[PDB]
Amino acid sequence: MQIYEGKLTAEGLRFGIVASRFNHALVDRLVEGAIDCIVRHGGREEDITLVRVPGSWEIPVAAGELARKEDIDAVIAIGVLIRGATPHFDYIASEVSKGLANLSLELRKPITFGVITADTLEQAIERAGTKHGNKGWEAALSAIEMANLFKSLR
Amino acid sequence: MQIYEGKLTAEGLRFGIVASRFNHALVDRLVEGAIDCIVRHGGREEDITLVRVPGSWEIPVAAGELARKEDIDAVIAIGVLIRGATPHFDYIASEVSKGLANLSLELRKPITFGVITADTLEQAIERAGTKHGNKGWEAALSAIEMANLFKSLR
Amino acid sequence: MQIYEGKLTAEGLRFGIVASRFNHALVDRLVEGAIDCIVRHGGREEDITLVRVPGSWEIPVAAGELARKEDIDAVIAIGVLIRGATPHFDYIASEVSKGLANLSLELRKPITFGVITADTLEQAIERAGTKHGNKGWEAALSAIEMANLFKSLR
Amino acid sequence: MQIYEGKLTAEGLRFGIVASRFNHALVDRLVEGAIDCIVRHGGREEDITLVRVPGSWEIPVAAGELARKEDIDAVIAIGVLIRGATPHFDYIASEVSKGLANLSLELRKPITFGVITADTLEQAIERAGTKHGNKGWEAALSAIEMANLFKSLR
Amino acid sequence: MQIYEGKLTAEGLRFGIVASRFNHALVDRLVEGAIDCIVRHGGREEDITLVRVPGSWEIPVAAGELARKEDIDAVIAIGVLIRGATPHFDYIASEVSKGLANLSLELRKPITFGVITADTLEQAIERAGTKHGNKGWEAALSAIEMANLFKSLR
Amino acid sequence: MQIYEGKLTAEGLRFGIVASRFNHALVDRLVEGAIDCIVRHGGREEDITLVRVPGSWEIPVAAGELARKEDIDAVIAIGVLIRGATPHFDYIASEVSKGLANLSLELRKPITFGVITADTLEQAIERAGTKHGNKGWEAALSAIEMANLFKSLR
Amino acid sequence: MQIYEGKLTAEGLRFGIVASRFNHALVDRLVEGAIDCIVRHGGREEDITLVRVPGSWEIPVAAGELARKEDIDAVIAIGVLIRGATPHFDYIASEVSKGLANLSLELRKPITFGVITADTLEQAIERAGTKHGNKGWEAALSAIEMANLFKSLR
Ligand SMILES: O=c1[nH]c(=O)c2[nH]c(=O)c(=O)n(C[C@H](O)[C@H](O)[C@H](O)CO)c2[nH]1
Ligand SMILES: O=c1[nH]c(=O)c2[nH]c(=O)c(=O)n(C[C@H](O)[C@H](O)[C@H](O)CO)c2[nH]1
Ligand SMILES: O=c1[nH]c(=O)c2[nH]c(=O)c(=O)n(C[C@H](O)[C@H](O)[C@H](O)CO)c2[nH]1
Ligand SMILES: O=c1[nH]c(=O)c2[nH]c(=O)c(=O)n(C[C@H](O)[C@H](O)[C@H](O)CO)c2[nH]1
Ligand SMILES: O=c1[nH]c(=O)c2[nH]c(=O)c(=O)n(C[C@H](O)[C@H](O)[C@H](O)CO)c2[nH]1
Ligand SMILES: O=c1[nH]c(=O)c2[nH]c(=O)c(=O)n(C[C@H](O)[C@H](O)[C@H](O)CO)c2[nH]1
């Protein structure tokens, strides 16, 4: 059987991170997690490109620009959506998720999903470096794996 | 680490605003907010193009024409959806959000989301220049940031 | 500031109407409203093309053919969906709305939404020429505006 | 006014039917209904192409192959989805409906929707040749009408 | 009537399997089921290509690479989504399902759905080789049938 | 009519920030917000003077020293008060607010209010860079506006 | 400031794993996770020593023998305790945890804690490669980090 997989060592890999500013007190923790994951897996900080955008809504168009760069192996999308009183959250979460997924397929390049989509503030805090881990770290680890996989698969 | 971000000074930037007429007593406040945000951040009012359309449904097709203009740096979509008795709201909100997001990716140009999607009239009022701010101002600020970002990223 | 808008006089404008037959006792009232709106705003009845299809599901593919005609300025989609016992309504409503919106963007031509999506028969009646107006008339009025707008915007 | 419509006589028309095997005891009734509708409206059984696939999930990719045939005037999609304990039904129903609708637009050819999307087994039975009719018959009648319409519209 | 169908003998058929690692204690059972289904239906294990990815989110981009291979007759997507406290599950499930379905249509190649989308852990266990069968085995059987069907249909 | 207003570009402006240490995990987020607001509006970081004090109680006396500097255009007061079991909160919040307001009038210089006065920890978190924004950013933006206004008004 | 930390690359590192047999259907998943974590972080499988013991009670004495080996850089303890009807669980969990912790200090060598201590079977399943991750993978990752840390700290 032919088996393809990615290892978790990040030597030589180059990453794009797109991180929104809305809910920054939590997003900033996700960004810290993503960078730490990359660096301590052997990636060089110099080989990270960080792009900041206003909100989750704006993540896809920026991710599209980064993913198109030949010298970017994978893009990590980072943001924090917390449900408000209206369905605004639903429409933004739907389109941010659809956009990133679509871009990944269109550009044949891994784009990982470190966007929290929480019903409550407590849930967001849980997932931004507390009791349920750090979604930035998780999305980064995924990107490492995917970039390594793609070195043979793509 | 390479870092890309947009400042909030709007000197020289050119914006398209697409604003629907349905719920105009609220949309008109959003438009006031967007224009004020642009002008007091240093954008010239002469460099704003405003397109009016009947309803939120019609925003995307108009936004598509504005975003295609080489002399428009970002488009701000402004409208007010308030849930009625039927699921009509859901289908319109879904497609206006999907359309704008898709156009932004297709055209590789920022299109920001200043469309209120409220369950109640009170919620719409809250977000149209009262207790929860002005969504037009917010979408404009996002567009300023994204246009500046794109000057280096695109 | 550059301002683009559409007037509501319909002299010289040419419209396509796609109207489904399911729930025809209500759809037929919507069609009456759309035609009346066009004619009394100055459009000629001879310059309307009406296409009939079985159900809301079939509206998009027919609208795609009409919208592609160079001598059609805008398309008005007319149908009546009423929720039944199963989620069938949801899947049809989702696709009809998505299809029409996507076609409008693909063809860069206004396609307006005169499709009722009601939970109950009473709600459909309300919106088909009774207490909540006539959605065909409303979608037609939107199409008049959009066609006029597009004479300068497109 | 220009008026386009399809008659219900099927002489000379050629149909593709894609029918899934999951819930076959019900799907098989839908297939019987579709064929009977075609034949008794004057279509020749020899001019029907029937393609069987495992489940509703697989209907779109097969329908795409049939709809691409120049000698197929319309495609009728036939399947039966019944909600189980998990949201699996929702994701399959969403994609089968989206796929078929998208293919119809892409290929500018009618593809009709004879897929039951029921919450309960009883509801499926009702719609597969019992008290609420036969959705295969209904989707076939729609395809007859649409194929005839398209002889002048396409 | 022309009738096209796929048999269930897998001699000579070549399959891609994309399997995520999240919830691996269950995914691994699905993978065992898929491989067993292929082999005991006559497919050679040497003719299977297995690609591992981090999570369900990452399945589509990898499936896109496998499905593009001329020597892969069908792709089987295998993963396990279990609802957590937030809507994160919904956004991932929606995009994994959409992505796979879209890729199948774009590449005109069968991609089958062996992704569990469960509300509870118990439901996932039920579907990963216990009381409700093995979804990997089911998705593999579907792929066998579809690959055989496509030998005449494509 | 004579109209005086302040723009939001901060080129050349010089700001004092007084920030308390009590509840620092939240105050530090407010400080980050204030600085970012100033810098991305065109103010130079070098032109910010930051003074740290133990608690909200101590903010006024320090703000008085900064506001008296000729080369400080506006002062931004930043702190986080959260109600405890006793009325201690009320007396501190009352005097911090009275002091700052009084100083602003006495010194005829804008002093803005970025002090959270929350009943609960959750409310404080909401206002320190999460779902209700960042009060530091808001107080900074106000100070930019006021300093610009005062260039003509004072 | 002197800062010591461990990276997550495992090249050259040698690990001991002690895994109990009680609840093996779950422990075996933990063992799979630990080995996968080591190997995909760059550790060689040949440099892993696995010791099997009957129950959690027996883990410490075996871990003591492995930790005493000069060619073992860290030991990972893996087992699954699930509360029964009596306090038996408490006494075993207390002593296995105390023993491992004491040995780590006595031998000045990292010994990590991949022992599940669950109140219910469902909780154990959650932590053995399903919804709450894989405790073997987590304990292995910790051991990688600690072994690297100790290369400079010890
Ligand atoms: O990242 C975000 N998280 C949120 O919870 C959230 N909530 C909101 O109500 C909201 O408007 N946004 C901002 C949104 O992403 C856009 O930046 C804004 O619509 C302007 O385009 C965000 N953005
Ligand atoms: O902008 C809108 N906000 C609403 O709340 C709303 N509600 C409605 O019931 C509604 O029909 N519309 C109009 C809609 O956007 C379109 O203009 C109309 O369907 C014609 O295409 C709107 N449009
Ligand atoms: O226009 C429709 N309104 C409805 O409420 C409705 N409800 C239904 O259950 C239903 O099947 N349809 C028909 C549907 O639009 C299609 O014509 C049919 O599925 C055949 O393709 C319709 N069509
Ligand atoms: O046609 C179907 N109707 C259903 O109710 C149903 N329910 C299910 O749980 C289910 O898995 N399927 C099968 C599905 O369509 C696919 O064949 C399967 O996922 C393999 O790709 C179907 N398929
Ligand atoms: O396959 C998965 N099943 C799940 O239930 C699940 N739940 C989660 O909360 C979750 O984050 N994921 C991971 C997801 O698929 C991605 O790998 C992750 O978002 C990084 O891109 C998964 N992935
Ligand atoms: O900034 C503060 N926030 C608080 O919630 C809080 N609560 C208290 O009970 C409290 O004593 N303080 C401290 C207070 O501001 C003074 O530093 C203290 O009284 C010494 O003068 C503060 N200070």
Side-chain angles (χ1 to χ4, degrees), chain A residues 22-23 55-57 81-95 117-121 124, chain B residues 17-37 52-59 76-97 100 112-142, chain C residues 117-120 122-123 126-127 131-133 135 138, chain E residues 87, chain F residues 116-120 122-123 125-127 130-135 138:
Chain A
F22 200 110
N23 287 321
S56 289
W57 179 263
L81 278 150
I82 306 169
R83 191 184 303 275
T86 76
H88 209 234
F89 165 101
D90 288 326
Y91 298 111
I92 299 170
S94 288
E95 295 316 308
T117 52
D119 286 327
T120 70
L121 172 62
Chain B
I17 297 173
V18 182
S20 44
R21 299 177 189 274
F22 201 110
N23 287 321
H24 83 92
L26 300 172
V27 178
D28 293 343
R29 312 292 75 87
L30 304 182
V31 173
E32 287 164 349
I35 293 169
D36 177 57
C37 183
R52 306 187 178 279
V53 302
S56 288
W57 179 265
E58 288 82 27
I59 291 172
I76 300 154
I78 299 185
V80 175
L81 279 150
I82 305 171
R83 191 185 302 278
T86 76
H88 208 235
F89 166 101
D90 288 327
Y91 298 113
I92 299 169
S94 287
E95 295 316 309
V96 177
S97 67
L100 291 169
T112 63
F113 192 62
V115 180
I116 285 169
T117 54
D119 288 327
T120 69
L121 171 62
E122 178 159 11
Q123 283 163 359
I125 296 167
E126 288 175 345
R127 294 156 180 74
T130 70
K131 61 183 287 157
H132 281 50
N134 183 308
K135 296 329 162 94
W137 209 92
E138 295 167 359
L141 191 66
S142 174
Chain C
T117 53
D119 286 328
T120 69
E122 179 160 10
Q123 285 164 353
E126 287 174 348
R127 293 156 180 72
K131 59 185 281 148
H132 283 51
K135 294 333 162 92
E138 296 169 0
Chain F
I116 286 171
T117 52
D119 286 327
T120 70
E122 179 159 8
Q123 283 164 356
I125 295 166
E126 290 174 344
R127 294 156 178 73
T130 70
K131 62 183 280 149
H132 283 50
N134 184 305
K135 296 333 164 88
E138 296 167 358

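Chain identifiers are assigned alphabetically (A, B, ...) following the order of the sequence lines, protein sequences preceding nucleic acid strands; residue numbering begins at 1 within each chain. No hydrogens, no waters, no symmetry mates; every other heavy atom, side chains included, goes into these values.
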Looking at every heavy atom in both [X] and [Y], which two are closest together, and how far apart are they?
| X | Y | value |
| --- | --- | --- |
| B/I76 | B/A139 | CG2-CB, 3.8 Å |
| B/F22 | B/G55 | CB-CA, 4.2 Å |
| B/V80 | B/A124 | CG1-CB, 4.1 Å |
| B/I92 | B/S56 | CG2-CB, 4.1 Å |
| B/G84 | B/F89 | N-CB, 4.4 Å |

Residues which pass salt bridge (charged side-chain N to carboxylate O under 4.0 Å, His left out) with B/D36, listed by chain and number, not counting sequence neighbours: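 Per chain and number, B/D36 pairs via salt bridge (charged side-chain N to carboxylate O under 4.0 Å, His left out) with B/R40.
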With B/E32, which residues qualify under salt bridge (charged side-chain N to carboxylate O under 4.0 Å, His left out), at least two apart?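 So B/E32 forms a salt bridge (charged side-chain N to carboxylate O under 4.0 Å, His left out) with B/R29.
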Can you find a pair of side-chain heavy atoms, one from B/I78 and one from B/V18, that are under 4.5 Å apart?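 With C-beta onward as the side chain, the pair stays apart.
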Say you draw a straight line from [atom1] of [X] to [atom2] of [Y]; how long is it, rounded to the nearest 0.5 Å?
| X | Y | atom1 | atom2 | answer |
| --- | --- | --- | --- | --- |
| B/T130 | B/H132 | OG1 | NE2 | 8.5 Å |
| B/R52 | B/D28 | CZ | CG | 6.5 Å |
| B/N23 | B/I82 | CG | CD1 | 4.0 Å |

Qualifying residues under side chain to side chain donor-acceptor pair (under 3.5 Å), relative to F/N134, sequence neighbours excluded: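 With neighbours one apart ignored, the set is A/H24.
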Taking only residues two or more places apart in sequence, or in another chain, which ones meet B/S97 in a side chain to side chain donor-acceptor pair (under 3.5 Å)?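 Scan of B/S97 (side chain to side chain donor-acceptor pair (under 3.5 Å), adjacent residues dropped) gives none.
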Residues in side chain to side chain contact (heavy atoms under 4.5 Å, CB included) contact with B/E138, at least two apart in sequence or another chain: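 B/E138: side chain to side chain contact (heavy atoms under 4.5 Å, CB included) contacts with B/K135.
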Residues in side chain to side chain contact (heavy atoms under 4.5 Å, CB included) with B/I35, at least two apart?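 Per chain and number, B/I35 pairs via side chain to side chain contact (heavy atoms under 4.5 Å, CB included) with B/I17, B/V31, B/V39, B/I48, C/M1.
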Kindly list each side-chain donor-acceptor pair under 3.5 angstrom involving residues 113-120 of chain B, sequence neighbours excluded, with atom names and distances?
from: B/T117; atom 1: OG1; to: A/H88; atom 2: N; distance (Å): 3.4
from: B/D119; atom 1: OD1; to: B/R83; atom 2: NE; distance (Å): 2.8
from: B/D119; atom 1: OD1; to: B/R83; atom 2: NH2; distance (Å): 2.9
from: B/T120; atom 1: OG1; to: B/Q123; atom 2: N; distance (Å): 3.0

Within a radius of less than 6.0 Å around CD of F/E122, do more than 12 heavy atoms belonging to other residues, nucleotides or ligands occur?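 Open.
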Hey, is the main chain of B/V53 close enough, under 3.5 Å, to the side chain of B/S20 for a donor-acceptor pair?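 Side chain of B/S20 to backbone of B/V53: no pair is present.
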